[PDB]
Structure formats: C-alpha cells, structure tokens
Amino acid sequence: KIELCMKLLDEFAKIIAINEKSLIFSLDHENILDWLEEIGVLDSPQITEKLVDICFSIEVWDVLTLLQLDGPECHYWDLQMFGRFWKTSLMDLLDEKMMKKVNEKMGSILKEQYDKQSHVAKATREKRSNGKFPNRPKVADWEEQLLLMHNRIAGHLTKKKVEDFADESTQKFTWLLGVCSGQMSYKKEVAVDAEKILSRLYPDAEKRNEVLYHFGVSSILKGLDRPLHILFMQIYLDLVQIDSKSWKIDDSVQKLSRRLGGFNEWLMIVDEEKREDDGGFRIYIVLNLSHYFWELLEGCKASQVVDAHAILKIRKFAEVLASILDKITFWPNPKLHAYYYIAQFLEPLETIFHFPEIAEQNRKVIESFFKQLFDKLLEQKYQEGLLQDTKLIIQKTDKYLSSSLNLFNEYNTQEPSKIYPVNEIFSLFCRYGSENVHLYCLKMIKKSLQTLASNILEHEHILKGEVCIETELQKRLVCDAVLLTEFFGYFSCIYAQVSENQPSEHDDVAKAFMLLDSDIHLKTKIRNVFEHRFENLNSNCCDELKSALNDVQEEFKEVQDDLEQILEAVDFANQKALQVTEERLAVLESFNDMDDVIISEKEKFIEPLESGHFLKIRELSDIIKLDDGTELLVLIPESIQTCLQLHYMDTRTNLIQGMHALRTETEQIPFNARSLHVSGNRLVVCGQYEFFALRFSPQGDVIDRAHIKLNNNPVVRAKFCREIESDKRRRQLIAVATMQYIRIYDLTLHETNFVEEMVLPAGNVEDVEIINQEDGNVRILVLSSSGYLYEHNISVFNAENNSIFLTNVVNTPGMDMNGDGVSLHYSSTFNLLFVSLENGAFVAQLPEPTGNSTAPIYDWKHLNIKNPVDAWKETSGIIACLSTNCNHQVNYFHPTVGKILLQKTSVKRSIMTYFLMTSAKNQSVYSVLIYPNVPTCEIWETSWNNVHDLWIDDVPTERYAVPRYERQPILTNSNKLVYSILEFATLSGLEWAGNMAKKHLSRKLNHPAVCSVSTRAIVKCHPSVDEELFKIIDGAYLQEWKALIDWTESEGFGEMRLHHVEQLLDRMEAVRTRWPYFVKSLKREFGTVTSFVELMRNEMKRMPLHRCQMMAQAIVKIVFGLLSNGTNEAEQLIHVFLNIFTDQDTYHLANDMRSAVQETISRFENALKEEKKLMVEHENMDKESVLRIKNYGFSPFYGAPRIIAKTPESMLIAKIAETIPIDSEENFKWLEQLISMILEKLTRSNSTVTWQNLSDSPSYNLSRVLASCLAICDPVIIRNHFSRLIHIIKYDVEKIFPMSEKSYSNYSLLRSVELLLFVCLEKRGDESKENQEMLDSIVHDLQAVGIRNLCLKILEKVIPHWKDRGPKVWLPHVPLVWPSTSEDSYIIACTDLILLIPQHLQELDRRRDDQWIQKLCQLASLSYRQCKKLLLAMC
C-alpha cells in the first residue's frame, strides 16, 4: 500500500506542477496529513521525500501563479530556480540600477510571450490580473487551500531534532536551505522554525551565511544546464561583481570557488554527455568574468597611483583562474566556433601573467594547458566541425575563381568575425609559452608536415584557379593552407629567437648594390610579415631546442617536391588571373543574338555595407578620380543654390576612415544649379535657361570654365561626349537638350556658336545620348514624347548655325504600345542601349551605321520591368538606375554571358541622391546613397561572397604602413603560403631556395615580400660576388622590360601597366653600381643598345602627355651614361636620340625632352661641385681614404659623385667598376660628337614647315639643348664650336627673309647664335685668363663677321610690314599651370631675334649710328620694352 501512496503523491505533484484541474482539489486536501494518519503510515521515512517533492511542486506552482504566465511552456527546473531567485536574502545585496534592469527585461520577455499567445486565455488573464509585475494578481479560493495545506506540511517536518537533517546530500536538506532564507510561499512561522533547525545544525553564523550564499549561487548555476538564460547570466555576473568587493587578501582558492558557486566541481565534470549539446555556458561565464576583470586591470594600468583594492580583486581572480586553467580546455564545442574562443582565451592568460608569482607557482598547469590547446589544432573532429560550420565561407571572384582562399571580411559585423584565427593562437603560444611548449609544438609540426603538404596537393587543380569550391570536402584545402603557413612562420620566428649569427656580409652586398626595393627608396625599422614576441623563454637551455629545429630541417628534404609543385600551381594561378581578354570578348559577343538571352533575378549581387554620418531631378552628385588615387565628390547643396560643393576624400587606405576625414571646398557658380553631369574629368551644370561647364586639373584644381546663355524652351538635359585616348584630336563636344531642339557645342571651336541644332517635328524631347565613334563621326539618339527614337550622325564639323529636321526613325520598342519616353542610356563597355518608357524598359545592341538616308533595324528585349526609370549611372561592369514613380527603390543590372542579372532593392527611407564608384582598393564596387537626415549616407557594396569584378582593371591594392606609406598589392593567403615556404627554405636548404627563387622574380606577378625573399635567397646562395649573380638579377629586370611589347591595349589592364612602368623607371637607378655588367646584359638580351633605346622611345608615346617627363629623363640619363662611358654604337645611338625630336610621330614631345636635358645637366653640376669640395678636404688627408670610380655608369647624372669614401661596400663596388687616380681630369669627346651632330642636324633639317607657336618647334628645342650642353664644356671647346657655327651662316638678306628653304635654316642658326651668346653672357663673372681670351676672341670674330649690318638689313624689311598690316576657346588638352597668320608670327619672331642679338652683343662687349637709332625709335612708335631697353643701353 505504501507504493500506492508513493504513486498518488507523485501524480499529485506532477499534476499540480502543470496547473491542471483534477478532482483531488474538490476533496478536503487541506488536512492531507490527517489522511496519512488514518492508515498510520505517517511514520514512514520514505514518504517524506515525496512530501518535500510535493512542497517543491507547490512552490513552482506559486511562482507560476505570481508570474501571471500559466501553461507548461517552461520546464520545471527553470521556474524552480526562478523561485529561488526571488526576495530571498540573495537579493538583499543587489542595488537599484540592476533591479530596474532586470524588472525591465523580464517585463519585456513576459510581454513578448503574452502577445505570442491567442485571444481567449488573453481575456482570461486580463480579467484575472488586477495589475502588472510585481503586483500579485487577484486571489481565488483554491490557491488558499493549496497554501494552507502547504503551511500545514510543517507538522510532519519535525522529524526528531537534528538527526534526520544531518545528511547534507538529501533533497530534504535542499528544501530546508530553501525555506530558511527567503521562499515567499512559506509563512513566517515556518521560516522561524527553519531558522531554528539551521541554528541547531550550524551553531555559528559565519558558516551559516556561507552555506546559504553558496547554495543560492549553486542553484543559479545548476539551473543553467538544460535549456531568460541571458538575464540569469547577467545577474550572475552582477552578483559576482558585487561580492568581489568583500574578498580578503588571505582567502584560499577553495573558499573563493565556494563563493562563486560550485565552480571547481562544475568545471571539472569532463564527460561525453556534458560536452554533447551544451551551449558552451561554462566558457561563456569564464570569458565574461575574465573580460570584466581584464578591463578593470587595464584601466588600473594607466593610472598614476595603484589602488590596493583593485589589485587585490585582480589577484584573487587570477589565483582562481590559475587553479582552474587545466579544466576549461575540454569545454569548447567542436561543432560551434571552437577556434574563436580558443583565440579569445588571450585575456585570462594576460591577467594571470600580470603577476609573476602566480605564473611561477603554476608552471605545469600552464604548460599542459598550452599542450592541449595545440593538440586541438590537429584533431580530426575539430577540423571536420569547423569545415561543416555555416559561418566559414570562402570568397569567390570572377578573375580569381577561388585561388585567393580568402575567408575574412573586414566589414562583417557578426560575432564570429575571425572564425579561424590560427595566427592569434600561435602569437599567444609565442608570447606566453615556455620551452616545453615549444618543444612539443616543434615535434608535432615535424610529424604533420608531410600529411599537410599531401592534403594541400590533393586540390592542386583548384589551387590553380580553374574551378571554384563547392563541397565541404574541398573547403579542407583552406583549412590546410593557412595552417601550413602558420607552422612555417612559427618555425622562422623561434629560429630568430634562439640562433644568433648575423653574418652581415649578405646584408652588406644587398646594401652596397641596392638590390632591395625598400633600401632603394630609403637611399634615394622594417616590419616583417610574421611578428611574434617571446616573454617566457630562458636562454640557458638553448641546446636541446636547436636539436628539435635540426630535426624539422631534415624533414624539409622529404617534402620539397610537393612544395615545389604547389609553388608552381600558385604561380600558374597568379599568371592566369591577369588574362581577361577572352572572357570579355565572349561576354560582348554573346549579346549578338537576342534569342539566347534571359534576365535572372535569382542572384543577390549587391548587399548593404554600412550606414554612416559623414557629409524632380535626382542627378545632384557625382565623382571624379584623381591621378594619385584620391577622389573628388561634386554635389549641389540645398541651403545655397549659387555654389558647388567639392569634397576630397582619401579612401585608398580605408573606406570608412577615408570618408570620415573629408576636405570641404566651395566653388562659386553664377546661377542656381538644377542638374549635374560628369564625364571623365569635366562637368556640366544645368540651370534654368543657361548652363555652365567646368574642366579640372589632374591635381583636382579647377582650370577651365565656360558659361553659355541660350515660346518656351528651358534646359532639360545636357551631357558631354565620351573621350577616347586613341583620338589625338580631343573635341569637347557637349549636347544640350531643350523641349524643342538639340544643340551641340564644341568648346574647341566656338563658345557661343553651336556646331549643329536639330528640331523635333511634332514632339517633345525627353533624353538625348551622344556616342563618339572610332571613325570620327558622332552618333546621337533622341527620345521624343510619343516614344519615337530618332538617330542622327554627324561627319562634318563647322561652327556654323545649322538647323535640321529629324527624319530618321528606328523601329520603336513595344510596337503599337509605346507610352511616353522617359530615359535613354548607352553602355559603352557592353555596347548596349537601354530605353525606358512609361510601360516598361527595353534593351538592344547598337547596330553598325548604314547611312544618313536609311534607318537601321533594332532587335529589342524586354528587361522584365514595367515602372518607368529615369536616372542612370554606370561603373565597372555595373549599371544602376532609379525608378521615378517610387522614392525608395533602385535597380541594378549586370550583363553576363547570355544573361542580364537584375536586382531590385528597396530602402525604408526616401532617397535624395546616389552615386556609383569603383573602390580605391580596386576590389569591389560601392554605391553611396545620400539622405537629408542625421544618418546622412548609406553605402552598399558588391557582395563579398561572390564579387563580380571581370571589368575592374587593377589588382587589389592598399597603402600599407611600412609614418611611411607605400602602395602595395594585397597579400592573399596563397602568396603568404608561398612566402612562408620560401623563407623556410632559405633557412633550411639553401641550394633549393636559390634554385626556386630564380623563378619568382617578376614584380608584376609576385608580391613585394616574395620578391624580396627571393633576392635575399639568391644573394645568400652566391657568397663570392661575380658576374653570375648580377647576370641573373639583371636578366630578370631586362625580361620585365622586354615583356612590355606584348602588353598591347586589347590585353586589358591599363592602370596596372602604368604603375608597373613607373616601378620599372624607379628601379632603373640601382644599375649605376654595376655598369659594365648591365651593359653586357643589355647586349646579350636586346642585341644592340639602340634596340633598348628604341623600346624606351616606343613606350614613351603610350604614356599620358602629362606624365611622360619621368621617362624622358630616364632616356636622357641612359643615353648620356652610355656616351660618357664609351660605346661602339655612339653614332647610331645619338642618331636615334636626335631623330626623336624631329620625327613625325614624336616631334610634339620635343618640348619635353629639352626640359629633361635641362634637368640632367643641373644634376651633373650637383655632382661636380660636390666632388671638387672633396678634392679640397682630401688635400690635407691620407690618400687611402677615398676612391674615384672610372666606370660610374650614369652616377653623376643622378647627383651621386664619383668620389666615395673607402669603406667595405665601396671596396665591393670598386672591385667591379674599377678605379683611377683621383686627381684625373675630365674628357668630353662624347659631348663634342653630340654637339657636332646636333649642328649638322640643324643645318640639314628640312625647312618651310609653318608653325603657329615657335617656342614648341623642334628646332628651337634643339638649339636650346645645344646651348645647355655648351654651358659646361671647356672654354677652348666653346671657342672652337662657336667659330665653326659662325662660318656656316649665310648673310644674304633677300635669300633668307620671306619664305625660302634656306630662310628657315638660317633663322634656326641665327637663333642658335643668340642662345649661345645668352649662355656666354653669364660667364663674365669668371675671371680666368682663358675665359677672357675666349670672350675677346668671340667678340672680335663677331665684329669682323659683322652681323649688326645684317640686323639693320633685316629690320629695314621688318618695319614696313608692321606699319602696313600690324596694329577664349578651350585647348584640346588641359592647360598645365595680333599676330593673325603664320607670316605675321614669323615676322614677330624675326623682329624678336634680330633685336635680341645686338643687345647681347652690346652687353657682352664691355670694352651711335644714325640708321640704328632712327629704325629703333620708329619701330618703337609702331609697336616694345625691348626697343626701350635697347635705346637706353645705347644712351
């Protein structure tokens, strides 16, 4: 019968715990203790357990009643622990703010559960409840019975005096502890009885309160095992923080763990069941407490005075953490983000190691902790769980299919930012690990290297960038590569910590010959790729470490073939990434037939990035690119409409930081601006009736302006024309639309005159598109009001007001349905035309032109869109447009092979404006939306997981802080792996490292770090500096130069090629230390030096006109060096160097090269003037302290002198370049040849080439370079060459004036004479005897020849023309910052020369003709300052 009562009371407890009505309540259960007395089983000890179970169930029922919740939607233990959470003395210690917080949170979750429920029980609850929390709802009748019998239970709970409750491991003891402190349902009599029995159990009060507190926290902890958990976590942290203020300095770790709950026993439960399905609550608690104490510690670090209490707190928590460290390793869930929390373990170790005493007393624990931590990295289940994780996603782009192996998004805001932070874990190992940890790690790496390499090579076909990553097995590849990389890096770091050799000779060679790019930029500390610090290593026990390292090195001999194979695969991937021509051709050709094209809206290729606060017609903002990578944003302000806002932003180091730091400027505009358009580098502002045009400089400063004022016909649209780099004739065509007509303005012909005007027959314009064909003809398509599309093409260009009736109509889209036309767009990259009408949109491929009389046939495809769309923008492969009937949605188009990806996005706010932009790091496409309110801007980006960058013409770059800042390509994971392999090889096996480094030397296919380690490896391989080392290096450089031929325009990447040529030009300098070897390499590669100079000349033309100065300087420097050092092709080399000036394809560049020479000569002086001073200081010094280089290359032309101090690296250089006595004089025979052939070129040049500007003529530049060269020769040389030049002049006057072929040659020679006199003038300061003798000889020669008479004859013919006939159009290129005809300019130039010559003759001749003064005064009256100064000097 006893078992029957056990079952009855158990069923009673279960049924009440679920709040379910049963017939038992109708009985008089208040005297249930009477019932048991009827049978007589009240003496049964086994029934009291079920009685206290009944009491517990009634308690949780009471908690449910107070909560006003009802229903068994929460487990029994949750509510039970929530009951123990109440007004019990555990919350006598809590403060008001946390009380408000917890009340608010439980109210919010209760309200959420409430609105989760249906209506009927909602009405029942609302009727039942008289108030919200914490007021108890209304009291019914049956709860009174339940409570009354609950309190009456106390009668059976006598159970003798103390002996029943002496057993601590009983349920009745837990109940007794619960009633003693604060259980609400129990009345005060029961509470005082419970307090009395506890006093009998524990006479003292200290242990009483200790066990009460421990029970409370252990209950709050044990309740968190079987899923409001976040709130309970938070209040646990709050209770711990409160209690931490009462910890004594002499407390034991066991007592402190007791105060925290059952902490030591809670974390020591290592069982499979506990690990399975746990939410990692233990590590959450440990990390939260550790992070709070770490924030406290780091806050106390910066203070000036140490706070004893805070230090005591941190110390006690550190002791606890040290005691428990060896247990927390087991808990991280392999199927969760185990590695993230493994990395997050950094703070507890930091605060443990802040105190050296704790770390010293706990050494074995720390070592075992780190050993298991490392063992976790190679465990199979952990790796499989990480692979199966849904947050591990590998980036996939269009060029690099998956070869980049990128797994980190810097702009992802989710909690697991770094799912696989192996580097942070290894850095922690390096920072705090001891010697034994390093030994274990080295052994494990040695064992695992071969398997890791084989697993990598299993997926070589996917490391080569041929296919993408699909399955979860293939992701293993990434989990290998990173791991392998880190292993090697770790090895290298430990080597640098334990071995001290520093040979200093390889560094000496690399510094002397400047083979390293960073050293070149320094001479014209560094941070390594892997940086780990060691703080717990002892140097007295190094030897065994060395042994381990040696073992690892031997392992490298067994795995080198696989490493070479993966290096080959990665190089193949890098080379393949830059070949995009065929993909683009296929994409463009795929649109030829409209029968095989679809529109897909299933792919989301644009995703939001971030909303920030940085700053009808919606074309109010646009962007312009600058040369140095900075960006200029132009926009129309709202407050003032008579100004234009310009913002300079620097987003090549970070987008967010770059947009934060803005440079604001205001440009005043005459009128209010309605619309804004930008093409390339110029912009058009559309006002009410007039419009404005601006053109900017490459530095971002405004250069050119043009204000144009034009029934009713206001301005509708206006846009520039697409410019072509191939078109030398740069026409600034702009099309302006008005409701009746289209006008075309050409800012290179006339500002107030339009080339053409076309008026619509019976319609209204809505949009106009202008297209610049390659032939030169310009196509224009205009969208009428009815929807008709009219196409015209222009072939002849004249600034004549012509009017045309538009009568060419193409097959209109949507036959017999077309609404009112809305917009037109033309994508030049894809050769596509978008037409947006009222009823929908259409796309077509622009067909080849046929004529001005017929009409072409268009094939149209519907874009699966109906609403009208107006504002269009285009960037790298990406088209965007703004729908007009709605103020929230944007549409994005991306054409792929035979399809057009479409995405329609909507934003919750009304949009003001937007603009597209290609990232300054060249890795994604951004779209910035500008709003009026406080969140001023939002930024969207191309989706990270699948980036569509087929049409981006650069590789990702960054401004890395090597503060020094350098533009370097992004270091992918594959290249990091390659660099790690190479560095480990240079450390371990030198022959293999040298053999492999010779393959990775091209700078256009490899990261700078890879090239640097390859050069270091090659240097180390050759210990004796010979011709072979420089032969290898300069062969790589010269092949890089030679490869420029194949990199034509259709090959794609344009900006990368430009920066690549700049890099080559910067690297050219270092050759000056090995000149004979470089000459030999040049001869063996190109055959002849003239071929190399021809290649440089060919590359000069392709460069933009405002950047060609650097390579002109390079050509001048190399030619001068070759001539100075002596070559057997001097004649042909000078021949081509001069032919550059006068050739049909290069004469426009003459003005550049002259300036280049005028720089080089100056640099030459900066050499010579230096060397002379060294001759002085060395006069009273030992002869064995300086050296003179006899084969200096072009070192003087670079400003470096030929006299260098005697140092070991100088000895290295002199061993190669040879030396001569320091006091040796100079030789200028090469200059003699240069001048002689320049003079011959001037004389034999073909004349009668008319010019509008004489300062840009080739012959003027040749004369100027002759003068600059003669300014440094020996005085006897000047005398000889000037005397030779003088006698070539023919002084016949009728034979040289008007137009004769000899006339222009004579003019050129006379100009040369004037320039040489100008040069000779400044030498009057020199007081040398030879200088005076040469000056007097030249003056006497000029007097004897008698050119002043010739000046009179020329002036006598010049003046009559001045008496007879004598008294803002944009340039094709951006301007850097009377007369009427060719004859008039020729006469002006003749006057200038023929007046300048006698003035210089008079000035130089420091030892009154009537005709002279008469002609001078007369011509002065006709004209000016030259005449006045000439008469003034005559007087």
# chains A, B, ... in the order shown; residues from 1 in each chain; ligands from 1
call {"tool": "residues_around", "arguments": {"residues": "residue 100 of chain A", "least_positions_apart": "6", "cutoff": "12 Å", "atoms": "only C-alpha atoms", "output": "JSON list (two decimals) with C-alpha atoms, in the first residue's frame"}}
result
[["chain", "number", "residue", "atom", "x", "y", "z"],
["A", 94, "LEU", "CA", 21.58, 43.88, -5.06],
["A", 106, "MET", "CA", 11.56, 40.21, -17.52],
["A", 107, "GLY", "CA", 8.69, 42.56, -18.30],
["A", 134, "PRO", "CA", 5.36, 42.88, -9.48],
["A", 235, "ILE", "CA", 22.61, 38.86, -12.86]]
call {"tool": "closest_atom_pairs", "arguments": {"of": "segment 608-636 of chain A", "to": "segment 1037-1061 of chain A", "cutoff": "12 Å", "atoms": "only C-alpha atoms", "output": "Markdown table"}}
result
| residue | atom | partner | partner_atom | distance |
| --- | --- | --- | --- | --- |
| A:627 | CA | A:1055 | CA | 10.3 |
| A:628 | CA | A:1059 | CA | 10.7 |
| A:629 | CA | A:1055 | CA | 10.9 |
call {"tool": "residues_around", "arguments": {"residues": "residue 16 of chain A", "least_positions_apart": "6", "cutoff": "10 Å", "atoms": "only C-alpha atoms", "output": "PyMOL selection string"}}
result
chain A and resi 22+25+54+57-58+60-61+146
call {"tool": "residues_around", "arguments": {"residues": "residue 1257 of chain A", "least_positions_apart": "3", "cutoff": "10 Å", "atoms": "only C-alpha atoms", "output": "list in words"}}
result
residues 1141, 1142, 1147, 1148, 1150, 1151, 1249, 1250, 1251, 1252, 1253, 1254, 1260, 1261 and 1262 of chain A
call {"tool": "write_last_selection", "arguments": {"atoms": "N, CA, C and O atoms", "output": "PDB file, in the first residue's frame"}}
result
ATOM      1  N   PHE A1141      63.431  64.060 -81.715  1.00  0.00           N
ATOM      2  CA  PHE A1141      62.937  65.434 -81.724  1.00  0.00           C
ATOM      3  C   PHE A1141      62.139  65.746 -82.982  1.00  0.00           C
ATOM      4  O   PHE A1141      61.122  66.441 -82.920  1.00  0.00           O
ATOM      5  N   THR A1142      62.591  65.259 -84.135  1.00  0.00           N
ATOM      6  CA  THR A1142      62.079  65.722 -85.416  1.00  0.00           C
ATOM      7  C   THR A1142      61.224  64.703 -86.156  1.00  0.00           C
ATOM      8  O   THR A1142      60.770  64.995 -87.266  1.00  0.00           O
ATOM      9  N   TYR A1147      57.544  64.460 -82.625  1.00  0.00           N
ATOM     10  CA  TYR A1147      58.031  65.834 -82.557  1.00  0.00           C
ATOM     11  C   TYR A1147      57.308  66.631 -81.481  1.00  0.00           C
ATOM     12  O   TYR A1147      57.911  67.512 -80.857  1.00  0.00           O
ATOM     13  N   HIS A1148      56.035  66.321 -81.228  1.00  0.00           N
ATOM     14  CA  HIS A1148      55.296  67.011 -80.180  1.00  0.00           C
ATOM     15  C   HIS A1148      55.917  66.804 -78.808  1.00  0.00           C
ATOM     16  O   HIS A1148      55.636  67.577 -77.886  1.00  0.00           O
ATOM     17  N   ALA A1150      59.178  66.966 -78.274  1.00  0.00           N
ATOM     18  CA  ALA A1150      60.467  67.646 -78.202  1.00  0.00           C
ATOM     19  C   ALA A1150      60.532  68.576 -77.000  1.00  0.00           C
ATOM     20  O   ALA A1150      61.501  68.541 -76.231  1.00  0.00           O
ATOM     21  N   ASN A1151      59.481  69.373 -76.791  1.00  0.00           N
ATOM     22  CA  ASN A1151      59.456  70.304 -75.670  1.00  0.00           C
ATOM     23  C   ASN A1151      59.736  69.592 -74.356  1.00  0.00           C
ATOM     24  O   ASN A1151      60.351  70.161 -73.450  1.00  0.00           O
ATOM     25  N   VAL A1249      58.426  74.451 -92.778  1.00  0.00           N
ATOM     26  CA  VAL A1249      57.348  73.842 -92.008  1.00  0.00           C
ATOM     27  C   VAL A1249      56.743  74.955 -91.157  1.00  0.00           C
ATOM     28  O   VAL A1249      57.361  75.432 -90.204  1.00  0.00           O
ATOM     29  N   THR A1250      55.534  75.381 -91.514  1.00  0.00           N
ATOM     30  CA  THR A1250      54.904  76.504 -90.835  1.00  0.00           C
ATOM     31  C   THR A1250      54.469  76.121 -89.425  1.00  0.00           C
ATOM     32  O   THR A1250      53.991  75.012 -89.175  1.00  0.00           O
ATOM     33  N   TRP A1251      54.643  77.060 -88.497  1.00  0.00           N
ATOM     34  CA  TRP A1251      54.264  76.870 -87.105  1.00  0.00           C
ATOM     35  C   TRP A1251      53.542  78.099 -86.580  1.00  0.00           C
ATOM     36  O   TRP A1251      53.861  79.234 -86.946  1.00  0.00           O
ATOM     37  N   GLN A1252      52.563  77.858 -85.709  1.00  0.00           N
ATOM     38  CA  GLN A1252      51.864  78.937 -85.028  1.00  0.00           C
ATOM     39  C   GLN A1252      52.580  79.380 -83.762  1.00  0.00           C
ATOM     40  O   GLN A1252      52.576  80.573 -83.442  1.00  0.00           O
ATOM     41  N   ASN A1253      53.199  78.450 -83.041  1.00  0.00           N
ATOM     42  CA  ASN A1253      53.992  78.767 -81.864  1.00  0.00           C
ATOM     43  C   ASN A1253      55.426  78.340 -82.124  1.00  0.00           C
ATOM     44  O   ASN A1253      55.676  77.193 -82.506  1.00  0.00           O
ATOM     45  N   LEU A1254      56.363  79.265 -81.930  1.00  0.00           N
ATOM     46  CA  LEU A1254      57.767  78.989 -82.185  1.00  0.00           C
ATOM     47  C   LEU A1254      58.495  78.418 -80.979  1.00  0.00           C
ATOM     48  O   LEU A1254      59.573  77.839 -81.146  1.00  0.00           O
ATOM     49  N   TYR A1260      63.821  74.945 -82.265  1.00  0.00           N
ATOM     50  CA  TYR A1260      64.091  75.793 -81.110  1.00  0.00           C
ATOM     51  C   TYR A1260      64.581  74.964 -79.933  1.00  0.00           C
ATOM     52  O   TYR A1260      65.512  75.360 -79.223  1.00  0.00           O
ATOM     53  N   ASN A1261      63.974  73.795 -79.723  1.00  0.00           N
ATOM     54  CA  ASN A1261      64.398  72.919 -78.639  1.00  0.00           C
ATOM     55  C   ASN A1261      65.791  72.356 -78.886  1.00  0.00           C
ATOM     56  O   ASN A1261      66.580  72.210 -77.947  1.00  0.00           O
ATOM     57  N   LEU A1262      66.112  72.025 -80.138  1.00  0.00           N
ATOM     58  CA  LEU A1262      67.463  71.566 -80.445  1.00  0.00           C
ATOM     59  C   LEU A1262      68.490  72.654 -80.160  1.00  0.00           C
ATOM     60  O   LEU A1262      69.558  72.383 -79.601  1.00  0.00           O
TER      61      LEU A1262
END
call {"tool": "residues_around", "arguments": {"residues": "residue 466 of chain A", "least_positions_apart": "6", "cutoff": "10 Å", "atoms": "only C-alpha atoms", "output": "list in words"}}
result
residues 400, 401, 402, 403, 460, 573 and 576 of chain A
call {"tool": "write_last_selection", "arguments": {"atoms": "N, CA and C atoms", "output": "PDB file, in the first residue's frame"}}
result
ATOM      1  N   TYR A 400      39.949  35.652 -60.044  1.00  0.00           N
ATOM      2  CA  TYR A 400      40.425  34.553 -59.205  1.00  0.00           C
ATOM      3  C   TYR A 400      39.212  33.730 -58.803  1.00  0.00           C
ATOM      4  N   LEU A 401      38.994  32.595 -59.467  1.00  0.00           N
ATOM      5  CA  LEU A 401      37.789  31.814 -59.210  1.00  0.00           C
ATOM      6  C   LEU A 401      37.666  31.496 -57.729  1.00  0.00           C
ATOM      7  N   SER A 402      38.627  30.759 -57.183  1.00  0.00           N
ATOM      8  CA  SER A 402      38.710  30.595 -55.739  1.00  0.00           C
ATOM      9  C   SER A 402      40.146  30.559 -55.236  1.00  0.00           C
ATOM     10  N   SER A 403      41.132  30.808 -56.100  1.00  0.00           N
ATOM     11  CA  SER A 403      42.527  30.577 -55.749  1.00  0.00           C
ATOM     12  C   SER A 403      43.008  31.466 -54.615  1.00  0.00           C
ATOM     13  N   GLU A 460      45.248  20.544 -56.018  1.00  0.00           N
ATOM     14  CA  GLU A 460      46.058  21.446 -56.828  1.00  0.00           C
ATOM     15  C   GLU A 460      45.268  22.008 -58.001  1.00  0.00           C
ATOM     16  N   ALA A 573      48.298  30.166 -61.059  1.00  0.00           N
ATOM     17  CA  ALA A 573      47.082  30.904 -60.727  1.00  0.00           C
ATOM     18  C   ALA A 573      47.292  32.408 -60.846  1.00  0.00           C
ATOM     19  N   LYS A 576      47.399  33.344 -64.470  1.00  0.00           N
ATOM     20  CA  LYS A 576      46.098  33.222 -65.120  1.00  0.00           C
ATOM     21  C   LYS A 576      45.152  34.341 -64.713  1.00  0.00           C
TER      22      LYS A 576
END
call {"tool": "residues_around", "arguments": {"residues": "residue 918 of chain A", "least_positions_apart": "3", "cutoff": "10 Å", "atoms": "only C-alpha atoms", "output": "list in words"}}
result
residues 625, 875, 876, 877, 878, 921, 922, 923, 924, 925, 926, 927, 941 and 952 of chain A
call {"tool": "write_last_selection", "arguments": {"atoms": "N, CA, C and O atoms", "output": "CSV table (one decimal), in the first residue's frame"}}
result
chain,number,residue,atom,x,y,z
A,625,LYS,N,37.8,60.9,-60.4
A,625,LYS,CA,39.1,60.3,-60.0
A,625,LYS,C,40.3,61.2,-60.2
A,625,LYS,O,40.3,62.0,-61.2
A,875,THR,N,29.3,52.1,-63.9
A,875,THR,CA,30.7,52.0,-63.4
A,875,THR,C,31.2,50.6,-63.8
A,875,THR,O,30.5,49.9,-64.7
A,876,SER,N,32.2,50.0,-63.2
A,876,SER,CA,32.9,48.9,-63.8
A,876,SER,C,32.0,47.7,-63.8
A,876,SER,O,31.9,46.9,-62.9
A,877,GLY,N,31.4,47.5,-65.0
A,877,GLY,CA,30.5,46.4,-65.3
A,877,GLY,C,29.1,46.5,-64.6
A,877,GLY,O,28.3,45.7,-64.9
A,878,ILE,N,28.9,47.6,-63.8
A,878,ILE,CA,27.7,47.7,-63.0
A,878,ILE,C,26.9,48.9,-63.4
A,878,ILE,O,27.4,50.0,-63.5
A,921,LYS,N,40.6,50.6,-53.5
A,921,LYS,CA,41.4,49.4,-53.4
A,921,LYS,C,41.2,48.4,-54.5
A,921,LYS,O,41.7,47.3,-54.5
A,922,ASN,N,40.3,48.8,-55.5
A,922,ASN,CA,40.1,48.0,-56.7
A,922,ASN,C,39.6,46.6,-56.5
A,922,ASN,O,40.0,45.7,-57.2
A,923,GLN,N,38.8,46.4,-55.4
A,923,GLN,CA,38.3,45.1,-55.1
A,923,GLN,C,36.8,45.0,-55.1
A,923,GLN,O,36.3,43.8,-55.0
A,924,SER,N,36.1,46.0,-55.1
A,924,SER,CA,34.6,46.0,-55.1
A,924,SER,C,34.0,47.2,-55.7
A,924,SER,O,34.8,48.2,-56.0
A,925,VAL,N,32.7,47.2,-55.9
A,925,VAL,CA,32.0,48.4,-56.5
A,925,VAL,C,31.0,48.9,-55.4
A,925,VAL,O,30.2,48.1,-54.9
A,926,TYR,N,31.2,50.1,-55.0
A,926,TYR,CA,30.3,50.8,-54.0
A,926,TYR,C,29.3,51.6,-54.6
A,926,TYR,O,29.4,52.2,-55.7
A,927,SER,N,28.1,51.7,-53.9
A,927,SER,CA,27.0,52.6,-54.3
A,927,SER,C,26.6,53.4,-53.0
A,927,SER,O,26.2,52.8,-52.0
A,941,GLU,N,27.6,47.7,-51.3
A,941,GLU,CA,28.8,47.1,-52.0
A,941,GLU,C,28.4,45.9,-52.8
A,941,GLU,O,27.4,45.3,-52.5
A,952,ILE,N,37.0,45.2,-63.7
A,952,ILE,CA,37.9,46.0,-62.9
A,952,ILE,C,39.3,45.8,-63.5
A,952,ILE,O,39.7,44.7,-63.7
call {"tool": "residues_around", "arguments": {"residues": "segment 35-43 of chain A", "least_positions_apart": "2", "cutoff": "10 Å", "atoms": "only C-alpha atoms", "output": "number ranges by chain"}}
result
A: 1-2, 5, 28-33, 45-48, 156, 159
call {"tool": "closest_residue", "arguments": {"among": "A:171, A:1166, A:80, A:565", "to": "residue 183 of chain A", "atoms": "only C-alpha atoms"}}
result
A:80
